[PDB]
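Each chain, letter by letter, is given below.
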Amino acid sequence: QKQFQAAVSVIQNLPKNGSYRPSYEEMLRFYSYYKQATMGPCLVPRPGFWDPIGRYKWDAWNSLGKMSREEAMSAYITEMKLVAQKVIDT
Ligand SMILES: CCCCCCCCCCCCCCCCCC(=O)SCCNC(=O)CCNC(=O)[C@H](O)C(C)(C)COP(=O)(O)OP(=O)(O)OC[C@H]1O[C@@H](n2cnc3c(N)ncnc32)[C@H](O)[C@@H]1OP(=O)(O)O
Ligand SMILES: CCCCCCCCCCCCCCCCCC(=O)O
């Protein structure tokens, strides 16, 4: 979608810190969908014990299996509405 690339833009230009503080879940959702969308199914090696953040990211992404690139695109957008909705209610 053009929408996906727009969503991605919004998120990329956000401030690193701010009034909303995203959950780890929220972060891993956006991260995994984004990888599924841009790189496809996770086929890289999984990071080791000394890289915990790498392991979480990988598990999230791998969890998506063989989800199509369109599938992940529209789920990214759905997650954006989800979080946007949380921010609106603050
Ligand atoms: C949610 C909607 C927004 C608001 C809705 C609007 C309506 C509401 C109205 C209210 C108005 C009030 C305004 C208040 C808003 C601010 C409040 C909050 O504090 S807001 C601010 C709170 N702070 C925020 O949440 C900040 C969120 N944004 C950021 O944190 C950064 O852009 C970043 C994390 C994506 C890093 O960028 P970068 O320079 O690349 O640094 P790294 O390379 O280290 O990134 C590492 C990995 O991430 C991967 N990846 C890349 N792009 C995306 C993507 N779009 N997605 C997912 N993943 C993406 C990338 O491929 C890489 O993979 P790998 O190679 O490691 O495997
Ligand atoms: C409105 C908020 C937008 C958020 C965009 C997040 C972008 C994705 C990249 C960040 C990687 C997530 C790593 C989190 C590790 C979790 C640690 C743990 O669960 O204790």
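Residues numbered from 1 in each chain as written, not as in the entry; some residues may be left out. Chains lettered and ligands numbered in written order. Heavy atoms only, no water. Residues with missing side-chain atoms left out of burial classes, pairs and counts.

**Student:** I'd love a proper account of the nonpolar core, names of residues and values included.
**Tutor:** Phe-4, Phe-30, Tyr-33, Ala-37, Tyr-76 and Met-80 are the most contacted members of the largest nonpolar core, which has 14 residues in total. Put simply, the parts of the chain that give this core at least two residues each are helix 1 (2-13), helix 2 (24-39) and helix 4 (69-88). Looking at this core, the element that brings in the most residues is helix 4, giving 7 residues. Dropping the residues within four chain positions of it, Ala-37 is found in contact with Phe-4, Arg-69, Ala-72 and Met-73. (Core = buried A, V, L, I, M, F, W, Y, C linked by side-chain atoms within 4.5 Å. Buried < 20%, exposed > 50% of the residue type's maximum accessible area, 1.4 Å probe, protein only. Helix = DSSP H or I, 4+ residues; strand = E, 2+ residues; numbered from the N terminus. Contact = heavy atoms within 4.5 Å.)

**Student:** Requested: an account of the site of ligand 2, with residues and values cited.
**Tutor:** Neighbouring ligand 2 are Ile-11, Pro-22, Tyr-24, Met-27, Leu-28, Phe-30, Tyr-31, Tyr-56, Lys-57 and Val-83. Relative to its free-state accessible area of 620 Å², ligand 2 is covered by the protein chains to the extent of 71%. Among the secondary structure elements, those contributing two or more residues to the shell around ligand 2 are helix 2 and helix 3 (52-62). The greatest single-element share of the shell around ligand 2, amounting to 5 residues, is contributed by helix 2. Tallied by class, residues from the shell around ligand 2 come to 9 nonpolar, no polar and 1 charged. (Near = heavy atom within 4 Å. Areas by Shrake-Rupley, 256 points an atom, 1.4 Å probe, with all protein chains shown as cover. Nonpolar A, V, L, I, M, F, W, Y, C, P; charged D, E, K, R; others polar.)

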